[PDB]
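Following: one structure in structure tokens, then a few remarks.
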Amino acid sequence: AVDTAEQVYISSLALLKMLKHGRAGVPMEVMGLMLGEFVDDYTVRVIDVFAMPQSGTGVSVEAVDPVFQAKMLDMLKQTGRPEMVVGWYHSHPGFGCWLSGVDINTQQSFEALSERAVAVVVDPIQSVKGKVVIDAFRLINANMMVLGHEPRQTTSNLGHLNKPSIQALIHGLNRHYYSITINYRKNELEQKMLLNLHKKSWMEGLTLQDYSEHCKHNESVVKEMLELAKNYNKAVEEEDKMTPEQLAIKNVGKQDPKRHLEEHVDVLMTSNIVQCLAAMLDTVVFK
Amino acid sequence: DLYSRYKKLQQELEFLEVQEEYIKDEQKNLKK
Amino acid sequence: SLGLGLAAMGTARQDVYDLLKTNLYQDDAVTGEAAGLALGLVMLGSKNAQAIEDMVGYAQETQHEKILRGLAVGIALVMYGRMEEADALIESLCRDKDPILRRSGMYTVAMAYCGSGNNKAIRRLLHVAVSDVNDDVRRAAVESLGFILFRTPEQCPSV
Amino acid sequence: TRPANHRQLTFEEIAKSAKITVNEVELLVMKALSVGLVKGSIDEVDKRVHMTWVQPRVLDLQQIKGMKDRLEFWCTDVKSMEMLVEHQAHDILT
Amino acid sequence: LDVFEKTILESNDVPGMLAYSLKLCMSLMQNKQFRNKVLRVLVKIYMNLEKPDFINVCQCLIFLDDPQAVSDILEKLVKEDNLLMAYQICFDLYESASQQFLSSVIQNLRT
Amino acid sequence: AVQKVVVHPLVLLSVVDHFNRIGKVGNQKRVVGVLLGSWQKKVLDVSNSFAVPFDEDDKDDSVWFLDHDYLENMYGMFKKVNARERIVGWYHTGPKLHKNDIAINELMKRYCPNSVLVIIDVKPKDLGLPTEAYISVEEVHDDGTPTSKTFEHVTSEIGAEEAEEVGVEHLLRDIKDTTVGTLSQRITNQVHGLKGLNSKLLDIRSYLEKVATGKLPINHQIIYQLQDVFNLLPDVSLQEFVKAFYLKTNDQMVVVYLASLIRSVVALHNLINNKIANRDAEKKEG
């Protein structure tokens, strides 16, 4: 049996292949393989990911010829080092994460050879910048659903941590499959070299900024900042009046001075203090 | 017992100086 | 092994350390709590720095997690009530990239200051409770406060 | 030969250094600006010329020593003015 | 050290003034460097007292970690030959002190 | 010919994992692979890659191998599984610009006309951008050889994409310098780029190691720029460069003097907004 503390380790490398292939053909359900490395009865490690040419419909998506599959795995053994197929994924476009009535069927084909084929859903729409909603699954027997017997024999305080969505609960969870808690394998091998490689620049700051127009832009804000302060020479004057909780609901048609009047003060500061300081270092450094 | 008054109010600055630091660094970290 | 190190707790017996070496180097997941928990129990408050070097040199290259977890409690327990004699290790594990070993560094300062009302602990034991990103280490950080401040139960409900 | 401080020679100096009269050096330097070997400006009443750019030439293992020492104290000037910034704006970002 | 030893050997009554000073020198003590210098002289004077107190000379000792000094006064009580007063020097030692300290002092009890 | 290159963080990462997979050789191996991408609008794009089997022996290091069948079929799979995708050139792991990369580019230019290379970093320490790319130009020219060909660096940056920006910003979850205010410029290029100019002043100090002792080729085409730098060293402080500098300080600070004057009044209006909620509740509530 299982302990519902399965703890699927994935990677740092596979998920970018997951989302790029998932989003380049997003409204169709694209899918692929999961090529990883098995460990003990509890955990599993999926390290590499590749897709195949597919043929789809609106509600269904299929594969094509199996000669693509064996020839791809031969070339990945000879280059790098050999692995084994730990599972498979697919991509609900903007749905969420569940096993539909056809998604459950090819899972049933894959769980026969190895019983631990991990079924993975990636949604490349719901993922904005943070949560990437993924939620890997695996089947449970509908024979034990007939028995009324509750499976998986909880022996660790690790499973019931993330709560399922109600929309995935409308679907087959939890009558034919279960969820798995996952995290990410992170290391200085990779974590240091995506941070210190992505957002970097070279001259954007040792340079000046359109020197006749920066001082011109120092009037393009201040000119309407007069009349915006005239509204601030207006709105305080109608206080000691109708209970300023009313002055929250009422003022939603037009812009207030008070919040907008500290908005430009930050802008009229950092545009000046940066441009003044960066000019006064080139006097020292350059002769 | 003023030497007992000194330890407890040395234990005050022992205990108060960390607290004013403790909410001070929350101020940036909650924003982050 | 869990029953064996329990009766031989804090005893520095070489005989229990012999079969706990070969229990440790199995490269196996399921021996993880078997090895590293009892490896600290028999060396409680011993700070035998070669055995620390054996432990922290072992939980950097293994690829299972219970062996990263059982040593995380075991290396905290080899030092006990030291007040200055752990602090280079405390800076070492807190600077490391490993979230478990940063979390393991939180239990070690929790045992190097049992009941001790020192400020030098409470500066950066509780600074990293603010800033660190893993939820595992953040739960270990705030649960180190009663173990260093049970000597006075009056101040702990105030903080 | 002249430093970057002035490099502002007069027409009388060309009348010394090229032994040619005053009424032909302006015809000379307008040719030099036209070919593109020098880039500067010409005054006529104060009898001086503000040369700015000259054609790059070659040099032996002695003029690199001039570019050795003039480059070397420019290292510490980049060091010195930055050392304020990591000290004065240190708490602004750790 | 010796003007503090002169506080307890002066024109001063002792109802309990040599008791809470032991409490102050353990609870609010800064370091171990000034603790052991104070604590070691406060119980030799208890041996110098006409009634040697037994629980505090054991309480201080495990704070001080002397695995031979409790066996020196255990010899004095074997010399005195009464297990009534050789009792709270011993079960307070068993209850408080660590397993290694009781495994280190046992060479000095059987010798 | 080519404006610039655009690199995704996937292909940035898709070399590192292969550098791990051949890291068990220990002794010496450079990762060399096929770079895929689609250059459009005179802007070089880089999308996908893999790595080809490649070995090197030190004695007579002119013997390379590219298993082109592995290049034929796997690209044919990749042309199948993405017909938008095509070859864009190649790359190598590039610590220090190895010698075979003068004819590796000429070995496989029968696929890509502008077969561009990319030098990446596996041990990151710099203050710049640790992705470098060159281009192939050839010359029957000035002094060196009748057959001369030298690589020239076209500028390099890491392009983003709306799909992968979701991924990388989830994969960081680390120490960050967001909230760009008055301080991000102070540390991205005022703390940092001034020390960025260090390793470029010190870089030409490293070529300067040949004054009478270093390597035997001397200058000819290296000093025309170095003669220019001390020539194009900026204007001295005697002219109205003194006077017009005080002029704009006397203009830029006036805007700061107005803007700081506003900052005091706004928080004072906020102060009464707390004295309206302090006194008008102690009698009401208690």
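Residues are named by chain letter and number: chains run A, B, ... in the order of the structure tokens, numbers start at 1 in each chain, and ligands are numbered from 1 in the order shown.
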
Write out as a list in words each polymer residue whose atoms come within 9 Å of residue D:10, counting only C-alpha atoms; drop sequence neighbours fewer than 4 positions from it.
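Contacts, in chain order: residues 14, 15, 46, 47, 48 and 49 of chain D.
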
Hey, list the chain F side of the contact with chain C: 12 Å cut-off, only C-alpha atoms, answer as number ranges by chain. F: 172-176

Deliver the residues from the most recent selection as a file, using N, CA, C and O atoms, as a PDB file, in the first residue's frame.
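Generated file (selection27.pdb):
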```pdb
ATOM      1  N   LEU F 172      12.511  31.655  -8.981  1.00  0.00           N
ATOM      2  CA  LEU F 172      13.503  32.384  -8.193  1.00  0.00           C
ATOM      3  C   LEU F 172      13.240  32.207  -6.703  1.00  0.00           C
ATOM      4  O   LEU F 172      13.942  31.437  -6.038  1.00  0.00           O
ATOM      5  N   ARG F 173      12.157  32.819  -6.215  1.00  0.00           N
ATOM      6  CA  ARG F 173      11.695  32.792  -4.818  1.00  0.00           C
ATOM      7  C   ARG F 173      12.828  32.970  -3.807  1.00  0.00           C
ATOM      8  O   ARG F 173      12.972  32.220  -2.841  1.00  0.00           O
ATOM      9  N   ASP F 174      13.644  33.987  -4.057  1.00  0.00           N
ATOM     10  CA  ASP F 174      14.940  34.111  -3.414  1.00  0.00           C
ATOM     11  C   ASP F 174      15.117  35.582  -3.056  1.00  0.00           C
ATOM     12  O   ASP F 174      14.151  36.350  -3.063  1.00  0.00           O
ATOM     13  N   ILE F 175      16.346  35.974  -2.716  1.00  0.00           N
ATOM     14  CA  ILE F 175      16.654  37.369  -2.414  1.00  0.00           C
ATOM     15  C   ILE F 175      16.470  38.206  -3.676  1.00  0.00           C
ATOM     16  O   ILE F 175      16.913  37.829  -4.766  1.00  0.00           O
ATOM     17  N   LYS F 176      15.734  39.307  -3.550  1.00  0.00           N
ATOM     18  CA  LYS F 176      15.338  40.115  -4.692  1.00  0.00           C
ATOM     19  C   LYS F 176      15.568  41.594  -4.415  1.00  0.00           C
ATOM     20  O   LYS F 176      15.616  42.031  -3.262  1.00  0.00           O
TER      21      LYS F 176
END
```

TODO: Select, from A:87, A:97, A:177, A:139, the residue with the minimum atom-to-atom distance to residue A:114, counting only C-alpha atoms.
DONE: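 Of A:87, A:97, A:177, A:139, the one nearest residue A:114, counting only C-alpha atoms, is A:87.
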
request  = Mind checking which residues fall within 9 Å of residue C:41, counting only C-alpha atoms, ignoring those fewer than 5 positions away in the same chain, and posting them as a ChimeraX atom specification?
outcome  = /C:5-6,8-12,36,74,77-78

Could you please take those selected residues and save N, CA and C atoms as a PDB file, in the first residue's frame?
```
ATOM      1  N   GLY C   5      20.316   3.458  20.559  1.00  0.00           N
ATOM      2  CA  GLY C   5      20.848   4.748  20.957  1.00  0.00           C
ATOM      3  C   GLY C   5      20.076   5.403  22.081  1.00  0.00           C
ATOM      4  N   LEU C   6      18.834   4.971  22.307  1.00  0.00           N
ATOM      5  CA  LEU C   6      18.015   5.510  23.384  1.00  0.00           C
ATOM      6  C   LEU C   6      18.528   5.074  24.748  1.00  0.00           C
ATOM      7  N   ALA C   8      21.598   3.927  25.227  1.00  0.00           N
ATOM      8  CA  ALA C   8      22.987   4.378  25.252  1.00  0.00           C
ATOM      9  C   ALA C   8      23.091   5.875  25.013  1.00  0.00           C
ATOM     10  N   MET C   9      22.105   6.632  25.488  1.00  0.00           N
ATOM     11  CA  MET C   9      22.023   8.057  25.201  1.00  0.00           C
ATOM     12  C   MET C   9      23.077   8.830  25.986  1.00  0.00           C
ATOM     13  N   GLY C  10      23.861   9.641  25.278  1.00  0.00           N
ATOM     14  CA  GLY C  10      24.848  10.496  25.913  1.00  0.00           C
ATOM     15  C   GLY C  10      26.013   9.760  26.525  1.00  0.00           C
ATOM     16  N   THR C  11      26.282   8.545  26.064  1.00  0.00           N
ATOM     17  CA  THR C  11      27.215   7.655  26.728  1.00  0.00           C
ATOM     18  C   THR C  11      28.578   7.580  26.061  1.00  0.00           C
ATOM     19  N   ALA C  12      28.704   8.068  24.819  1.00  0.00           N
ATOM     20  CA  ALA C  12      29.941   8.046  24.021  1.00  0.00           C
ATOM     21  C   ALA C  12      30.508   6.633  23.874  1.00  0.00           C
ATOM     22  N   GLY C  36      20.891   8.560  11.605  1.00  0.00           N
ATOM     23  CA  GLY C  36      21.263   9.887  12.064  1.00  0.00           C
ATOM     24  C   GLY C  36      20.641  10.315  13.374  1.00  0.00           C
ATOM     25  N   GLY C  74      20.175  15.039  14.492  1.00  0.00           N
ATOM     26  CA  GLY C  74      21.324  14.419  15.133  1.00  0.00           C
ATOM     27  C   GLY C  74      22.485  15.371  15.345  1.00  0.00           C
ATOM     28  N   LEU C  77      22.039  17.669  18.343  1.00  0.00           N
ATOM     29  CA  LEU C  77      22.028  17.064  19.664  1.00  0.00           C
ATOM     30  C   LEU C  77      23.420  16.698  20.155  1.00  0.00           C
ATOM     31  N   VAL C  78      24.418  16.685  19.266  1.00  0.00           N
ATOM     32  CA  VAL C  78      25.791  16.394  19.660  1.00  0.00           C
ATOM     33  C   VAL C  78      26.394  17.519  20.506  1.00  0.00           C
TER      34      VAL C  78
END
```

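Excluding residue E:19 and any residue on its chain fewer than 3 positions from it, the residues at most 12 Å away by only C-alpha atoms are residues 8, 14, 15, 16, 22, 23, 24, 25, 26, 39, 42, 43, 46, 53, 55, 56, 57 and 60 of chain E.
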
message = DSSP on the backbone: which residues in stretch 50-105 of chain A end up as alpha helix (DSSP H)? Give the answer as a ChimeraX atom specification.
response = /A:67-78,103-105

Item checked: Interatomic distance (Å, one decimal) between atom CA of residue C:111 and atom CA of residue C:76 ->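 Distance reported for this atom pair: 6.8 Å.
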
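Rounded to one decimal, atom CA of residue F:76 and atom CA of residue F:22 lie 24.3 Å from each other.
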
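The environment of residue B:11 within 10 Å, counting only C-alpha atoms and disregarding residues fewer than 5 places along the same chain, consists of residues 5, 6 and 16 of chain B; 117 of chain C; 28 of chain E.
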
Up to 9 Å from chain C, what residues of chain E turn up? Count only C-alpha atoms and give them as a PDB file with N, CA and C atoms, in the first residue's frame.
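Saved as result_22.pdb:
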```
ATOM      1  N   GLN E  99      24.104  11.761  33.262  1.00  0.00           N
ATOM      2  CA  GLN E  99      24.502  10.358  33.262  1.00  0.00           C
ATOM      3  C   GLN E  99      26.012  10.216  33.127  1.00  0.00           C
ATOM      4  N   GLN E 100      26.645  11.111  32.364  1.00  0.00           N
ATOM      5  CA  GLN E 100      28.094  11.061  32.209  1.00  0.00           C
ATOM      6  C   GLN E 100      28.810  11.486  33.485  1.00  0.00           C
ATOM      7  N   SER E 103      28.681   8.700  35.598  1.00  0.00           N
ATOM      8  CA  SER E 103      29.602   7.703  35.064  1.00  0.00           C
ATOM      9  C   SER E 103      31.058   8.130  35.205  1.00  0.00           C
TER      10      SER E 103
END
```

I need the contact residues of chain C against chain A, so if you could list those with any atom within 10 Å, counting only C-alpha atoms, and return them as a ChimeraX atom specification, that would help.
/C:28-30,63-65,97-99

Exercise. Stretch 53-69 of chain F: which residues within 10 Å, counting only C-alpha atoms, same-chain residues fewer than 3 positions away excluded, as a list in words?
Worked result: residues 78, 79 and 80 of chain A; 28, 29, 30, 31, 32, 33, 72, 73, 74, 75, 98, 99, 100, 101, 103, 104, 107 and 108 of chain F

Take the residues from that selection and write them out as a short mmCIF file (atom, residue, chain, number, x, y, z; two decimals), in the first residue's frame, keeping N, CA and C atoms.
```
data_model
loop_
_atom_site.label_atom_id
_atom_site.label_comp_id
_atom_site.auth_asym_id
_atom_site.auth_seq_id
_atom_site.Cartn_x
_atom_site.Cartn_y
_atom_site.Cartn_z
N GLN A 78 22.33 7.55 -25.49
CA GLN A 78 23.69 7.70 -25.98
C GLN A 78 24.25 9.09 -25.72
N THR A 79 23.40 10.08 -25.50
CA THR A 79 23.84 11.44 -25.19
C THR A 79 23.33 11.79 -23.81
N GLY A 80 24.24 11.91 -22.85
CA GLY A 80 23.86 12.07 -21.46
C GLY A 80 24.01 10.74 -20.75
N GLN F 28 38.15 16.30 -18.72
CA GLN F 28 37.93 17.45 -19.59
C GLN F 28 36.84 17.13 -20.59
N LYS F 29 35.82 17.98 -20.65
CA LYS F 29 34.87 17.96 -21.75
C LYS F 29 34.23 19.33 -21.84
N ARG F 30 34.18 19.86 -23.05
CA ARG F 30 33.37 21.03 -23.34
C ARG F 30 32.03 20.56 -23.89
N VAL F 31 30.95 21.19 -23.45
CA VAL F 31 29.64 20.91 -24.00
C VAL F 31 29.52 21.68 -25.30
N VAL F 32 29.31 20.97 -26.40
CA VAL F 32 29.05 21.58 -27.70
C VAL F 32 27.72 21.02 -28.19
N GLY F 33 26.81 21.90 -28.60
CA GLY F 33 25.53 21.46 -29.10
C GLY F 33 25.00 22.35 -30.21
N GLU F 72 21.05 14.93 -37.90
CA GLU F 72 20.02 14.86 -38.94
C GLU F 72 18.66 14.48 -38.35
N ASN F 73 18.61 13.36 -37.62
CA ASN F 73 17.32 12.80 -37.23
C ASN F 73 16.66 13.60 -36.12
N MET F 74 17.44 14.08 -35.15
CA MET F 74 16.86 14.77 -34.01
C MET F 74 16.36 16.15 -34.41
N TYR F 75 17.06 16.82 -35.33
CA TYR F 75 16.50 18.03 -35.92
C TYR F 75 15.30 17.72 -36.79
N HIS F 98 38.03 27.91 -26.98
CA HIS F 98 38.92 26.83 -27.41
C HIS F 98 39.22 26.91 -28.91
N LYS F 99 40.23 26.14 -29.33
CA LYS F 99 40.87 26.35 -30.63
C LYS F 99 40.06 25.77 -31.79
N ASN F 100 39.35 24.65 -31.57
CA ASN F 100 38.55 24.02 -32.61
C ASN F 100 37.44 24.91 -33.14
N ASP F 101 37.02 25.90 -32.37
CA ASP F 101 35.98 26.83 -32.78
C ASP F 101 36.52 27.88 -33.74
N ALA F 103 36.64 26.25 -37.08
CA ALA F 103 36.22 25.42 -38.19
C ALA F 103 35.06 24.51 -37.84
N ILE F 104 34.69 24.40 -36.56
CA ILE F 104 33.37 23.89 -36.19
C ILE F 104 32.30 24.72 -36.87
N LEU F 107 32.38 23.85 -40.33
CA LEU F 107 31.94 22.49 -40.61
C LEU F 107 30.45 22.44 -40.89
N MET F 108 29.67 23.26 -40.19
CA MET F 108 28.21 23.16 -40.22
C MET F 108 27.55 24.43 -40.74
#
```
